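All of this is worked out from the model, or read from it or from the source named; nothing here is a laboratory result. FYI the Cβ positions are ideal-geometry reconstructions off the backbone, even for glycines, and counts take in every protein chain you see.
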Amino acid sequence: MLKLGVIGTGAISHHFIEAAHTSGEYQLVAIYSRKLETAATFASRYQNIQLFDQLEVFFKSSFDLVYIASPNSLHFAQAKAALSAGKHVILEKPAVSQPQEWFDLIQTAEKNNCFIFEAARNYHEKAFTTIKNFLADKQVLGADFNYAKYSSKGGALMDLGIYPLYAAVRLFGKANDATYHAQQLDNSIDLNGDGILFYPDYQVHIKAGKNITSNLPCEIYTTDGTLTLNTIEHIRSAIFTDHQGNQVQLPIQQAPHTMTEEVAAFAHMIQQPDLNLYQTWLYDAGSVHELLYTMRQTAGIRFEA
Amino acid sequence: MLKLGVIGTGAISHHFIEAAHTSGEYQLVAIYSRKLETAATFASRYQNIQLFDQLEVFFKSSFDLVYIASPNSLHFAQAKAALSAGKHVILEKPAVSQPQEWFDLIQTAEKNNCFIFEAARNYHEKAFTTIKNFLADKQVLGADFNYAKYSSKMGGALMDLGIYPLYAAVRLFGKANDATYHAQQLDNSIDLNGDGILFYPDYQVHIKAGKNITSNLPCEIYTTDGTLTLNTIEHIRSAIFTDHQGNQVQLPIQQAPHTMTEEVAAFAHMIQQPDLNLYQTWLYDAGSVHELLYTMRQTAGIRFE
């Protein structure tokens, strides 16, 4: 059973650990933080846990797999070290700051014979395969995908818009081109925006937001009607309705936790590895980052650097 | 009563007339077509109506206002003659195909002592007033307006339906600073559907329009304190405001019997009881709406013959 290091002492790491313990395929063994006393309070609720305040000491320790949920700009350097040290890596949020970074990581992963996963929770939902199947014999004409919730209270594209993007990519694959126009702070970071993914026969609208809340359903239009998903993350209900008002519920069963499904996937992959499927995860994560990068560019969203 | 002439032989001219009759402020008295055969196969339900194949012998006739619902491309030339002949005009669908034609119709209007109106049915709903009043002390952060219905099979989505959400936005909110639209296009360049964004100083509105796809998404307005949800922006049935705490508020919306009840009462009442600052707010807004239509087509490459 899988021995886990954690970086990132934010709430989300707790949600990851919670989920990883519940699947019975993980044991948390180690936490790192620049200050030991932060790691200590993070660890108080768990037991048999090594605390670390030096990254190299941390990586020389023996656990198989490190979960990284630090601030985005640290992800690349830390993954790189993690894989160079023989740990599989799982990267939260937006795995990386830009496309090439994903690909250096992949090389680094390959060379060192380990896995690198993006913790894209919605991408591993059973629901997608179900939806994906259902649309194999339709002709898709369009789609509208949103994820916009008022936070407390980076940028909306990178933190939330990535969910719609992963869903579009999950169904659909890479779009040919994309655009994004955002409301921006002075620093150029986006509070909310509307994007479009251009596909040869259709386009998909993406809405992202953090200073606003949308409760809009997500829709896929087909020549014979509209598939309606209550959301595109932790998906709960897919009902298709034809131009005549006949309806089909799809068999959707939401996991008990938003990370149940990706957490089983990462574990099943290390233990019973299907490598073609691994290629597809790398592949898709690559497309998502490509589009994030394109869209930030059309929107004028630069980070420090 | 107001004597009424009707270029246009489609069922929209029927629906228009039912409303103007239910109102008890109109008497329909004259019907123009190229083909007389088309102009009496239209009359048989309501008695005592004359027929003109001659455009000038039509206008040289006795009636106060004409309701023009020809195909779009004729609207400008027919309204202009209507006006030069001293008749008040209600242009249907989209009023014009370019902004300059509107500004010219106004100049022609003022010169002949006549009103010209676009028949923007949603723009005259009592709903919008209720909404604007409720928004007047909030601060708006965006909106997502849509009108996509699967039509008849077997011009463009923006012009035939997108004009409604454009009108909803102009009515709350006013003239935008800029706009963009992108469409799935037929080869003649006419749009089956599209998404655009209206750019305001402090915020953006997403506009979805389509005729080969069906959307059932509600319409949202975002404020700093929550989300206002309208079932649609046309023949609106319910606006509900919900704050970030989950607390809910119902605006008292009263859907009219007929979808064109409100505009018809507006146009009758405006003529028999003139209110010129109001009129100039009608003129002004049509001009904003068409400036956007025009901007939007050009970004999308929707060129007419």
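List of remarks:
- Of all residue pairs spaced 6 or more apart or on separate chains, those with beta-carbon atoms under 7 Å, a first member in region A:262-281 that is among the aliphatic types (A, V, I, L, M) and a second member that is part of a helix (DSSP H, G or I) are A:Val263/A:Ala19; A:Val263/A:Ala20; A:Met269/A:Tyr278.
- Single residue of region A:214-235 satisfying the filter (of a type in the set (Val, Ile, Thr) and within 18 Å of A:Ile162 (Cβ to Cβ)) that is surrounded by the most Cβ atoms within 10 Å (Cβ to Cβ): A:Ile232
- Filtered residues of region A:47-96 (kept if more than 26 Å from the chain's Cα centre (by Cα), aromatic (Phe, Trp, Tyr) and closer than 22 Å to A:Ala19 by Cα): none
- Of all residues in region B:200-212 being of a type outside the set (D, E, K, R) and within 21 Å of the chain's Cα centre (by Cα), the one that is farthest from the other protein chains (Cβ to nearest Cβ): B:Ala209
- Listed by position, the strands (runs of 3 or more DSSP E) inside region B:87-159 whose residues that are within 14 Å of another protein chain (Cβ to nearest Cβ) and buried (at least 17 other Cβ atoms within 10 Å of the Cβ) number at least 1 are B:140-148.
- Some residue of region B:35-53 being among the small types (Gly, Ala, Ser) and crowded, with 19+ Cβ neighbours inside 10 Å: yes
- Hey, A:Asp53 among the acidic types (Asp, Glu) and more than 24 Å from A:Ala265 (Cβ to Cβ) or not: yes
- Checked against (1) crowded, with 16+ Cβ neighbours inside 10 Å; (2) under 23 Å from A:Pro94 (Cβ atoms), A:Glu25 passes all but a single condition, namely (2).
- Hey, B:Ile253 outside the structural domain of B:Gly86 (by CATH), crowded, with 22+ Cβ neighbours inside 10 Å and part of a loop (DSSP other than H, G, I, E, B) or not: no
- Qualifying residue in region A:201-210 (condition: assigned to a helix (DSSP H, G or I) and among the basic types (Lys, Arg)): no
To keep it simple, each residue is scored yes or no on (1) of a type in the set (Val, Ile, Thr); (2) assigned by CATH to the domain that holds B:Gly246; (3) under 22 Å from B:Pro252 (Cβ atoms).
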| site | (1), (2), (3) |
| --- | --- |
| B:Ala143 | no, yes, yes |
| B:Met159 | no, yes, no |
| B:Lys175 | no, yes, no |
| B:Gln184 | no, yes, no |
| B:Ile213 | yes, yes, no |
| B:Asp225 | no, yes, yes |
| B:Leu228 | no, yes, yes |
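- Criterion: surrounded by 21 or more Cβ atoms within 10 Å (Cβ to Cβ) and more than 24 Å from B:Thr229 (Cα to Cα) - qualifying residue of B:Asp178, B:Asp191: B:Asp191
- Residue within region B:61-75 that is surrounded by fewer than 15 Cβ atoms within 10 Å (Cβ to Cβ) and of a type in the set (D, E, K, R) present: no
- Scanning region A:213-240 for residues that are in a strand (DSSP E or B), within 9 Å of chain B (Cβ to nearest Cβ) and more than 21 Å from B:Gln184 (Cβ to Cβ) gives no hits.
- With respect to the conditions (1) in a helix (DSSP H, G or I); (2) surrounded by fewer than 16 Cβ atoms within 10 Å (Cβ to Cβ); (3) in contact with a strand residue (DSSP E or B) (Cβ under 7 Å, 6 or more places away or on another chain), B:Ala20 falls short on a single one, namely (2).
- Residue in region B:185-192 that is of a type in the set (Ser, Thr, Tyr) and either more than 10 Å from chain A (Cβ to nearest Cβ) or over 19 Å from B:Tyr164 (Cβ atoms) (or both) present: yes
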